[PDB]
Amino acid sequence: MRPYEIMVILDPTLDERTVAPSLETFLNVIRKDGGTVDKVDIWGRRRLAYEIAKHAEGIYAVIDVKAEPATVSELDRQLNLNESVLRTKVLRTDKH
Amino acid sequence: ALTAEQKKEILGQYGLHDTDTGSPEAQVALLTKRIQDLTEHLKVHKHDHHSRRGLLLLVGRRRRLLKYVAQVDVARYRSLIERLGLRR
Amino acid sequence: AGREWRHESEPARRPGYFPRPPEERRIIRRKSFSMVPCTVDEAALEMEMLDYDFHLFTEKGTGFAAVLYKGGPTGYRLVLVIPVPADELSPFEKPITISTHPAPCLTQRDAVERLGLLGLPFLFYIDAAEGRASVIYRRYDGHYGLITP
Amino acid sequence: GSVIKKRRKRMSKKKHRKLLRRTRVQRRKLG
Amino acid sequence: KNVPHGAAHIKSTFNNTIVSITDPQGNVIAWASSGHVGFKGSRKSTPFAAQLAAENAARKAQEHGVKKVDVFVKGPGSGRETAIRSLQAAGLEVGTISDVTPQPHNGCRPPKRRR
Amino acid sequence: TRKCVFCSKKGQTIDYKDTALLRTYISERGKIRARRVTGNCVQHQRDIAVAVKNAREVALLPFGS
Amino acid sequence: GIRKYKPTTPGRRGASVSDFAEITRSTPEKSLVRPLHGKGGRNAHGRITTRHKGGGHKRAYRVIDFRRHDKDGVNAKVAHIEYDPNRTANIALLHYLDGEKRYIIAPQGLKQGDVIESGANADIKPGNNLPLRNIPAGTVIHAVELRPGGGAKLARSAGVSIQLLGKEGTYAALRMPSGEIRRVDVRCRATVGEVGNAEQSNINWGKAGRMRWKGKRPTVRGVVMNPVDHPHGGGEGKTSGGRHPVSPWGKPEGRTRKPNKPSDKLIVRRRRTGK
RNA sequence: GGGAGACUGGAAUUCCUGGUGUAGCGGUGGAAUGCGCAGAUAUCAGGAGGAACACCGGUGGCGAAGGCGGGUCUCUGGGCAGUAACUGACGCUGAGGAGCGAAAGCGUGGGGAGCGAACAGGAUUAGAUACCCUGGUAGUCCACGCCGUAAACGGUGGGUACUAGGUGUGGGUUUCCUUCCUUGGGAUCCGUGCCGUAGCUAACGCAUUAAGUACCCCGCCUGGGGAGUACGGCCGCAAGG
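Below, the structure written as structure tokens:
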């Protein structure tokens, strides 16, 4: 179980009041995999430096997870598959 | 390489006493475990030649240690070979 | 262009100022000599003994900031913050002409960029933040000389 | 050292390579 | 048409200069080239040819209702200096100067060196 | 010369999230400033470059504005 | 993979055979097999319409489910992978959770014991079937329909895949295996992933016997024919036909697609040759 | 920037589509082939695709060598420092042998934007099978395999001990100026440069990273051509080694 930091940018059209619950469900799998701990922070509706997928503004979410690499990869695959997620980026908050 | 717990368990099972870590039996056991792990890795990545060179170095060191053991005490060499499955 | 050197190879074009590339160019000369109102002839005399090609003053009739410079063989040239004809301009005897374009409004970095991409010996402009006149020239050490009120 | 020796060696090697190119098919038919 | 405010695109290569005045939505309304003002061959790489082309483009934009323009220079320096000076000198007010040169992030292989 | 503000006892950690700490290290054209003009040590210069590139990848800094 | 025969006999010199590694069972499902008899290339009049057909090993037909539209929301488990003689691809046997068995062409990488789901709520793992509206752009699909309900028609061969470029309005632009770009309605279902048995095309058949077993009669060249039989026939000694190449019925070479077909409006750009 | 795998980011080139838009564009020492007038170049918007990763970026890091930098994740090798707990000479070298081995090249299957052997024209020339210009196929790219060569060079085999120093720079430990911020300075271990003693050399030069003083092991040389060629043999699909 290693710590990870996932930064996601979502399209601005969807309402912000649904970002926190919906993202919650996206973590449910990694919650039920191996007893993992999550910390979700949301600072969204910020204009991007460059246009991403015909969009200028985006919602930024930061998720601090402590989980197995396979679980994090599976979660990243699901997040990329979703059509309401413009981009994702996974970092390791360890020495790496 | 191996984690601390695997090294501890290998040393406890193969070490002559509860403290030694550089005894040729313990070194041979650790090298054999590392060799099997590296072989399992290389069965997937066939083109990782650098780790293959590292494996060759480990194999040579294990062979030299077995040579030293067989030169010092034959019975210990036979016991170690039969216990580790080490062909030679 | 630069590789290899021969006897007849074109000599490198060197500006009068020391290079001092954009890296640590800076602005380390800020004169504010005179802003007492003057006429064209008085401004020309203040030019001549200062041995400076251009000079920034404030005009008598307009009350506006202006810059005079040598207009080459045409004589002298006068540039104002807002272009006005000669009649409003205070009477003069030197043969000069007035630049029809107005001094534009732009920032410090934009002014440096315009000076670099336009290659003029100076740029006269109304500063965006200050809202007043300013003349930037490349100095004799490679820095930019920003003359402010 | 001087490149004269290298010039001699490259000339010899070049001539041998040209000869091999000229007689490739004959060597194949006799070999 | 009547477009009071537009942009100026100057492409100064090593052997030609092309000046185009553009309605800011990106639509070219009047363009003059170095070879369009009577030059041909190496003669059109000179700064004087750039001056003539810039003046011609300035007039061909001025009679179309263009008053104030902002310039986007581009290309290795051949006549950019004289191009902007001539754009100003033909009665066309210059708003801003921007150097937008396509700068690759080390992409594509350049042609082999000449000798 | 200049001081590696990170080797000091008050050296803030280098991250790709805090955008101001990186904006103070890139030129007005968005390019990464050289090491000599900054003065930081080689490890901190490399960390700064990596953070700048990551922030560019996550659309936090312009790609040469 | 591919297993190469040793050159023991002149008929086995360069021959090679498909290594049936993915096949997990040697028999088909008895309830999904229908009778099949060879036609010989002869139509309802008994006349030969397609030449070079006839003979060949007897084969049976396994009912393939090209219209997976009923079991939406019902998961299936891949029970076996079998060999279908009527197609180049291999077929997989599904066990739906309700108790129904079906046949589908096995996609690339599908393994025994995998879970196959379908419908709008399905995942994007290989083998899942879902309408093109729910499939994100850029993915690779196969067994694509042409009309909303007609069943899979495109990208059914072995190792063949279709790249979904993008969706606009009610139409999705697909890149066919031929390289041709076509639009199709978004209601058409598609299956995710490439088709398996991609290495099948590298088979060297060795001898005429293998082709005869596959059901291919020998093909006679036109220049060795007589002028009554072929336009290229006749002449003393070997010849090139003495005339621009033509079909045995005289139609000259060139484009034969009938112009102004109703489907011409749905084609973005045709395939290209010699580029 | 040690290696492998997977996913992915932006600038730029090319092409396609749609606007604005005209008569040139392109190229050179100078021009002409060439592109365009059927709407080129230029400018804007959208789309597709391939390759390489500007700034950081250097005589700086890693690797036995070849060599290795867009970002993130997974797996993995080596090195250095300190403590010195542990084994107790287990070390060095290594004929043959095995493995790795730039680029080019070969085989099967893909991909193909830019560059580009071959090949076409244009130009220069007395002649141009070239240098320069316009096009351009293999190839450069990916997967699995072959070959086994380079100015594969530091033209300097591996290990060890000793022999004045001075000054850059990378990594790690610690004492004293002490603000303890500061390349403060000192000490020490491991790298990587420059200058210079003794010493060595035919000289140039090397000089604690020896080409100095010595010990252990291996490879290689015995005038230049003929020739790394012929014959024979081994390997290789072939080129060839």
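Protein chains in written order, with the entry's author numbering: chain g, 1 to 96; chain p, 2 to 89; chain w, 107 to 255; chain v, 2 to 32; chain l, 23 to 137; chain s, 17 to 81; chain E, 2 to 276. Cβ coordinates follow ideal geometry from the N, Cα and C atoms, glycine included.
Check	Outcome
Close-in-space but distant-in-sequence residues of the same chain around l:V50 (CB under 6 Å, 5 per side omitted)	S42, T44
Chain E within 9 Å of g:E68, Cβ atoms only	no
Any 3 or more C-beta pairs closer than 8 Å across the stretch 9 to 19 of chain E and the stretch 203 to 215 of chain E	yes
Simplified DSSP state of E:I82, which is helix, strand or coil	strand
Beta-carbon proximity list for w:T206, same chain, < 8 Å, skipping 5 on both sides	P189
9 Å Cβ cutoff met for l:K90 and l:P46	no
Own chain, CB closer than 6 Å to E:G235, minus 5 neighbours either side, in chain order	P228
Short Cβ contact (9 Å threshold) for s:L76 with s:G46	no
Helix, strand or coil at l:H31 [DSSP, three-state]	strand
Presumed contact (8 Å Cβ cut-off) between E:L175 and E:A138, rounded CB distance	No, E:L175 and E:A138 are not in contact; Cβ-Cβ is about 11 Å, not under 8 Å.
For E:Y6, the three-state DSSP class (helix, strand or coil)	coil
g:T88 to E:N261 span [Cα, whole Å]	47 Å
Whole-angstrom distance between s:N56 and s:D63, CA atom to CA atom	10 Å
g:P69 beta carbon near the ligand SAH (any heavy atom closer than 8 Å)	As far as ligands go, the structure on display features none, and thus does not contain the ligand SAH.
Residue from w:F170, w:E114, w:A107, w:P127 with nearest C-alpha to w:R245	w:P127
Extent of the continuous beta strand (DSSP E) to which E:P132 belongs	130 to 132
w:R136 - DSSP class collapsed to helix/strand/coil	coil
Exposure of w:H113, with buried meaning 16 or more beta-carbon neighbours within 10 Å	exposed
N- and C-terminal bounds of the beta strand (DSSP E) containing g:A49	Looking at the DSSP string, g:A49 is not in any beta strand (DSSP E), and its letter there is neither H nor E.
Nearest candidate by alpha-carbon position, reference s:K33, set s:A67, s:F79, s:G80, s:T17	s:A67
Which residues DSSP lists as bridging l:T39, in chain order	l:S34
Nearest to E:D186 (by Cα), restricted to the options E:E200, E:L267, E:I65, E:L37	E:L267
Interfacial residues, the stretch 79 to 95 of chain g to chain E, with Cβ spacing under 7 Å	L81, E83
Top-ranked residue by Cα proximity to E:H53, from E:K40, E:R63, E:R244	E:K40
Closer than 9 Å to chain l by CB, w:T206	yes
Where l:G117 sits in the DSSP three-state scheme	strand
Reduced DSSP category for l:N24 - H, G, I as helix; E, B as strand; rest coil	coil
Local conformation of g:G58 per DSSP, three classes	strand
Selection of the stretch 113 to 126 of chain E by Cβ proximity to chain g, strictly under 7 Å	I125
Own chain partners of g:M7 with C-beta closer than 6 Å, once the 5 adjacent residues on each side are dropped	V62, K89
CA-to-CA distance, E:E83 to E:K5, given in whole angstroms	22 Å
Any C-beta of chain g under 9 Å from that of E:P246	no
Cα-Cα separation between p:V60 and E:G12, rounded to whole angstroms	47 Å
Contact set between E:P137 and chain g, taken where Cβ atoms lie within less than 8 Å	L81, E83
Reduced DSSP category for E:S248 - H, G, I as helix; E, B as strand; rest coil	coil
Range of the contiguous alpha helix (DSSP H) that encloses p:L67	50 to 73
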